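Below is the file model.txt, which contains compact mmCIF, C-alpha atoms.
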# COMPACT_ATOMS: atom_id res chain seq x y z
CA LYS A 247 88.65 149.76 98.19
CA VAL A 248 85.89 148.71 100.61
CA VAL A 249 87.50 150.10 103.77
CA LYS A 250 90.79 151.14 105.27
CA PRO A 251 91.97 147.90 106.88
CA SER A 252 92.22 147.90 110.67
CA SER A 253 89.45 145.36 111.05
CA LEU A 254 90.76 142.56 113.27
CA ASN A 255 91.80 143.54 116.80
CA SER A 256 92.79 141.25 119.65
CA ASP A 257 90.17 140.52 122.30
CA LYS A 258 89.73 138.21 125.29
CA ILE A 259 86.94 135.77 126.19
CA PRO A 260 87.03 133.13 128.92
CA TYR A 261 86.92 129.40 128.29
CA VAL A 262 83.60 127.69 128.99
CA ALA A 263 83.49 125.55 132.12
CA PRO A 264 83.94 121.87 131.20
CA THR A 265 81.82 118.90 132.27
CA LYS A 266 80.95 115.36 131.21
CA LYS A 267 78.23 116.67 128.89
CA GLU A 268 80.01 117.53 125.67
CA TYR A 269 83.49 115.94 125.52
CA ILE A 270 82.28 112.34 125.89
CA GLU A 271 79.71 112.81 123.12
CA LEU A 272 82.22 114.74 120.99
CA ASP A 273 84.76 111.91 121.23
CA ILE A 274 82.27 109.05 120.75
CA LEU A 275 80.87 110.82 117.69
CA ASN A 276 84.42 111.37 116.41
CA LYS A 277 84.74 107.62 116.87
CA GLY A 278 81.61 107.44 114.72
CA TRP A 279 82.98 109.52 111.85
CA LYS A 280 86.28 107.65 111.94
CA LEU A 281 84.45 104.31 111.86
CA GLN A 282 82.73 105.80 108.81
CA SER A 283 86.10 106.72 107.31
CA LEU A 284 87.27 103.16 107.97
CA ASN A 285 84.19 101.83 106.16
CA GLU A 286 84.77 103.98 103.07
CA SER A 287 88.48 103.14 103.37
CA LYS A 288 87.72 99.43 103.10
CA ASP A 289 85.21 100.01 100.29
CA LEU A 290 87.55 102.22 98.24
CA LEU A 291 90.45 99.81 98.76
CA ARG A 292 88.26 96.88 97.70
CA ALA A 293 87.15 98.71 94.55
CA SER A 294 90.72 99.72 93.72
CA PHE A 295 91.99 96.17 94.22
CA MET B 1 113.59 78.40 69.85
CA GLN B 2 115.51 80.01 72.70
CA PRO B 3 118.02 78.01 74.75
CA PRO B 4 116.46 76.42 77.85
CA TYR B 5 118.22 78.66 80.40
CA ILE B 6 116.24 81.67 79.19
CA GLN B 7 113.12 79.48 79.32
CA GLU B 8 113.35 78.72 83.02
CA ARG B 9 114.42 82.33 83.64
CA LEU B 10 111.19 83.57 82.06
CA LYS B 11 109.20 80.90 83.91
CA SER B 12 110.66 82.12 87.21
CA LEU B 13 109.86 85.73 86.30
CA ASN B 14 106.28 84.77 85.40
CA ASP B 15 105.99 83.02 88.76
CA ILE B 16 107.24 86.27 90.30
CA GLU B 17 104.48 88.44 88.90
CA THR B 18 101.84 85.78 89.59
CA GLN B 19 103.00 85.80 93.21
CA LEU B 20 102.72 89.60 93.22
CA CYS B 21 99.14 89.31 91.94
CA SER B 22 98.39 86.78 94.67
CA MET B 23 99.81 89.20 97.24
CA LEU B 24 97.54 91.98 95.96
CA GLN B 25 94.54 89.65 96.06
CA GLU B 26 95.31 88.58 99.63
CA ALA B 27 95.65 92.25 100.57
CA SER B 28 92.14 92.67 99.18
CA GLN B 29 90.75 89.84 101.32
CA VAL B 30 92.52 91.03 104.48
CA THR B 31 91.17 94.55 103.94
CA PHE B 32 87.74 92.97 103.43
CA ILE B 33 87.90 90.88 106.61
CA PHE B 34 89.15 93.74 108.80
CA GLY B 35 85.95 95.64 108.01
CA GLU B 36 83.63 93.08 109.56
CA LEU B 37 86.16 92.48 112.34
CA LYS B 38 85.69 96.15 113.19
CA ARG B 39 81.93 95.61 112.79
CA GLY B 40 81.91 93.30 115.80
CA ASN B 41 81.51 89.62 114.85
CA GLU B 42 84.26 87.46 116.34
CA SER B 43 83.64 84.30 114.30
CA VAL B 44 86.14 85.21 111.56
CA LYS B 45 88.76 86.27 114.11
CA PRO B 46 90.87 83.07 113.73
CA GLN B 47 91.02 83.51 109.95
CA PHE B 48 92.66 86.91 110.46
CA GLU B 49 95.91 85.48 111.85
CA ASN B 50 96.17 83.01 108.97
CA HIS B 51 95.50 85.71 106.37
CA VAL B 52 98.08 88.07 107.88
CA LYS B 53 100.73 85.35 108.13
CA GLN B 54 100.17 84.16 104.56
CA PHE B 55 100.20 87.76 103.31
CA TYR B 56 103.55 88.48 104.95
CA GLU B 57 105.11 85.20 103.82
CA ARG B 58 103.90 85.90 100.27
CA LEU B 59 105.40 89.39 100.41
CA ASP B 60 108.80 88.18 101.65
CA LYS B 61 109.75 85.17 99.52
CA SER B 62 108.65 86.85 96.28
CA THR B 63 111.12 89.69 96.87
CA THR B 64 113.70 87.10 97.91
CA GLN B 65 113.32 85.21 94.62
CA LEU B 66 113.49 88.45 92.64
CA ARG B 67 116.68 89.29 94.55
CA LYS B 68 118.03 85.89 93.51
CA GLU B 69 117.21 86.70 89.88
CA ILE B 70 118.97 90.07 90.04
CA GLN B 71 121.94 88.29 91.63
CA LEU B 72 121.92 85.81 88.74
CA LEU B 73 122.23 88.83 86.46
CA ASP B 74 125.50 89.63 88.25
CA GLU B 75 127.31 86.39 87.37
CA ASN B 76 125.53 85.83 84.04
CA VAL B 77 127.69 88.49 82.37
CA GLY B 78 130.49 86.85 80.43
CA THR B 79 128.41 83.74 79.72
CA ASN B 87 124.43 89.42 62.06
CA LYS B 88 126.08 86.14 63.07
CA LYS B 89 123.45 84.13 61.17
CA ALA B 90 124.34 86.06 58.01
CA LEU B 91 127.84 84.54 58.14
CA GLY B 92 126.19 81.24 57.22
CA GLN B 93 122.89 82.54 55.89
CA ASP B 94 123.85 82.56 52.22
CA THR B 95 125.28 79.07 52.67
CA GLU B 96 122.02 77.61 53.93
CA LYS B 97 120.15 79.40 51.13
CA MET B 98 122.63 77.84 48.71
CA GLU B 99 121.91 74.40 50.14
CA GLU B 100 118.15 74.63 49.82
CA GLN B 101 118.35 75.90 46.25
CA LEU B 102 120.35 72.87 45.15
CA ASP B 103 117.86 70.66 46.99
CA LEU B 104 115.14 72.19 44.82
CA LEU B 105 117.22 71.42 41.74
CA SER B 106 117.40 67.80 42.87
CA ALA B 107 113.60 67.73 43.10
CA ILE B 108 113.52 69.26 39.63
CA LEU B 109 116.21 66.88 38.36
CA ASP B 110 114.35 63.71 39.37
CA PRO B 111 110.92 63.47 37.69
CA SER B 112 109.88 60.50 39.87
CA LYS B 113 109.86 62.63 43.05
CA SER B 114 107.56 65.36 41.66
CA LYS B 115 104.33 63.83 42.91
What's the structure tokens form of this structure?
Amino acid sequence: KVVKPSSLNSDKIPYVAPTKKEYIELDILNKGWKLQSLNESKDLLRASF
Amino acid sequence: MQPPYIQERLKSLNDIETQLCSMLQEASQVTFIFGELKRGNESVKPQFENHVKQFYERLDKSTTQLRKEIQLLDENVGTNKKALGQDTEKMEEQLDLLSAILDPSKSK
């Protein structure tokens, strides 16, 4: 009822030029959240056991 | 009481679930130790090998013994009945009571 649906149309945008800046931090911080997940994994398993 | 064979069968089964409980407990300690191993202290590193080896050897032989029990089930096949004599034994005891009634020197 809001609108006749033709809303989403294909479009093109270029990929941002890569560098050392963001991937290394992205992956080390992913390491951080997965070390977190390991910690809560161990804690939950200990509580369950 | 039950014949002995059933007695050692139930003892072996009880040993089986106690071994399973020990396996679960050792899983708990190995999960515990891996956390600090990931933390970064290498002192408890030697204990890790021992814990893993004991965990695996506890997991294996328990299942092996249970397999032996299930195998025993295979050859144990072929290897109110009491009522057939029940009245008789009742009969016996009743007459015994009469004897106690019949002799006044034993009613003390």
**Asked** If we count all atoms listed in the file, which residues of chain A reach to within 8 Å of chain B? Please list them as a list in words.
**Response**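 Listing them in order of chain and number gives residues 284, 285, 288, 291, 292 and 295 of chain A.
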**Distance of CA of residue 62 (chain B) from CA of residue 19 (chain B), expressed in Å to one decimal place** =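 These atoms are spaced 6.5 Å apart.
Ranking B:98, B:77, B:66, B:91 by their shortest atom-to-atom distance to residue 15 (chain B), with all atoms listed in the file included, puts B:66 first.
Between CA of residue 4 (chain B) and CA of residue 96 (chain B) the interatomic distance comes to 24.6 Å.
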**Request:** For residue 53 (chain B), work out the shell of residues within 12 Å, counting only C-alpha atoms and skipping chain neighbours fewer than 5 positions away, then give it as a list in words.
**Result:** residues 23, 26, 27, 30, 46, 47, 48, 58, 59 and 60 of chain B
Can you fill out region 261-290 of chain A with N, CA and C atoms and hand it back as an mmCIF file, in the frame of the given file?
data_model
loop_
_atom_site.group_PDB
_atom_site.id
_atom_site.type_symbol
_atom_site.label_atom_id
_atom_site.label_comp_id
_atom_site.auth_asym_id
_atom_site.auth_seq_id
_atom_site.Cartn_x
_atom_site.Cartn_y
_atom_site.Cartn_z
ATOM 1 N N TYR A 261 87.261 130.748 128.714
ATOM 2 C CA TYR A 261 86.920 129.400 128.290
ATOM 3 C C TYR A 261 85.712 128.895 129.075
ATOM 4 N N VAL A 262 84.824 128.189 128.385
ATOM 5 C CA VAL A 262 83.600 127.690 128.990
ATOM 6 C C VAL A 262 83.929 126.563 129.956
ATOM 7 N N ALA A 263 83.222 126.537 131.087
ATOM 8 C CA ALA A 263 83.490 125.550 132.120
ATOM 9 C C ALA A 263 83.191 124.145 131.597
ATOM 10 N N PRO A 264 84.122 123.211 131.749
ATOM 11 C CA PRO A 264 83.940 121.870 131.200
ATOM 12 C C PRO A 264 83.069 121.007 132.115
ATOM 13 N N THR A 265 82.611 119.897 131.553
ATOM 14 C CA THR A 265 81.820 118.900 132.270
ATOM 15 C C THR A 265 81.795 117.632 131.429
ATOM 16 N N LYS A 266 81.108 116.613 131.949
ATOM 17 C CA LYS A 266 80.950 115.360 131.210
ATOM 18 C C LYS A 266 80.105 115.539 129.957
ATOM 19 N N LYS A 267 79.293 116.597 129.889
ATOM 20 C CA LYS A 267 78.230 116.670 128.890
ATOM 21 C C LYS A 267 78.759 116.555 127.463
ATOM 22 N N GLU A 268 79.739 117.380 127.096
ATOM 23 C CA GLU A 268 80.010 117.530 125.670
ATOM 24 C C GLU A 268 81.262 116.800 125.195
ATOM 25 N N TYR A 269 82.330 116.691 125.996
ATOM 26 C CA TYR A 269 83.490 115.940 125.520
ATOM 27 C C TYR A 269 83.213 114.467 125.240
ATOM 28 N N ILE A 270 82.464 113.775 126.093
ATOM 29 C CA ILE A 270 82.280 112.340 125.890
ATOM 30 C C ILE A 270 81.512 112.113 124.593
ATOM 31 N N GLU A 271 80.467 112.913 124.363
ATOM 32 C CA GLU A 271 79.710 112.810 123.120
ATOM 33 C C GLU A 271 80.535 113.237 121.919
ATOM 34 N N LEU A 272 81.336 114.295 122.057
ATOM 35 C CA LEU A 272 82.220 114.740 120.990
ATOM 36 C C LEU A 272 83.165 113.620 120.563
ATOM 37 N N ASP A 273 83.805 112.967 121.533
ATOM 38 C CA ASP A 273 84.760 111.910 121.230
ATOM 39 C C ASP A 273 84.108 110.630 120.736
ATOM 40 N N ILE A 274 82.938 110.252 121.260
ATOM 41 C CA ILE A 274 82.270 109.050 120.750
ATOM 42 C C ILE A 274 81.746 109.305 119.336
ATOM 43 N N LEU A 275 81.309 110.530 119.049
ATOM 44 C CA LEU A 275 80.870 110.820 117.690
ATOM 45 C C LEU A 275 82.047 110.942 116.734
ATOM 46 N N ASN A 276 83.200 111.422 117.213
ATOM 47 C CA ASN A 276 84.420 111.370 116.410
ATOM 48 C C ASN A 276 84.790 109.922 116.106
ATOM 49 N N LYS A 277 84.649 109.050 117.107
ATOM 50 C CA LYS A 277 84.740 107.620 116.870
ATOM 51 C C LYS A 277 83.788 107.197 115.764
ATOM 52 N N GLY A 278 82.580 107.763 115.759
ATOM 53 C CA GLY A 278 81.610 107.440 114.720
ATOM 54 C C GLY A 278 82.068 107.849 113.328
ATOM 55 N N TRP A 279 82.514 109.103 113.175
ATOM 56 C CA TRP A 279 82.980 109.520 111.850
ATOM 57 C C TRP A 279 84.224 108.770 111.421
ATOM 58 N N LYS A 280 85.091 108.389 112.354
ATOM 59 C CA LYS A 280 86.280 107.650 111.940
ATOM 60 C C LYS A 280 85.972 106.192 111.643
ATOM 61 N N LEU A 281 84.957 105.613 112.290
ATOM 62 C CA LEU A 281 84.450 104.310 111.860
ATOM 63 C C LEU A 281 83.858 104.412 110.457
ATOM 64 N N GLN A 282 83.131 105.498 110.184
ATOM 65 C CA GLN A 282 82.730 105.800 108.810
ATOM 66 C C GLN A 282 83.920 105.790 107.873
ATOM 67 N N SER A 283 84.927 106.612 108.172
ATOM 68 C CA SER A 283 86.100 106.720 107.310
ATOM 69 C C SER A 283 86.753 105.368 107.099
ATOM 70 N N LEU A 284 86.770 104.528 108.134
ATOM 71 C CA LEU A 284 87.270 103.160 107.970
ATOM 72 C C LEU A 284 86.406 102.370 106.999
ATOM 73 N N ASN A 285 85.084 102.541 107.073
ATOM 74 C CA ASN A 285 84.190 101.830 106.160
ATOM 75 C C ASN A 285 84.450 102.227 104.709
ATOM 76 N N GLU A 286 84.450 103.532 104.430
ATOM 77 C CA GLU A 286 84.770 103.980 103.070
ATOM 78 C C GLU A 286 86.212 103.660 102.688
ATOM 79 N N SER A 287 87.121 103.576 103.661
ATOM 80 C CA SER A 287 88.480 103.140 103.370
ATOM 81 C C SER A 287 88.484 101.727 102.826
ATOM 82 N N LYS A 288 87.807 100.820 103.532
ATOM 83 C CA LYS A 288 87.720 99.430 103.100
ATOM 84 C C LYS A 288 87.021 99.324 101.753
ATOM 85 N N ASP A 289 85.942 100.086 101.555
ATOM 86 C CA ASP A 289 85.210 100.010 100.290
ATOM 87 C C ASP A 289 86.049 100.518 99.127
ATOM 88 N N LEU A 290 86.706 101.668 99.300
ATOM 89 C CA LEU A 290 87.550 102.220 98.240
ATOM 90 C C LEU A 290 88.721 101.303 97.940
#
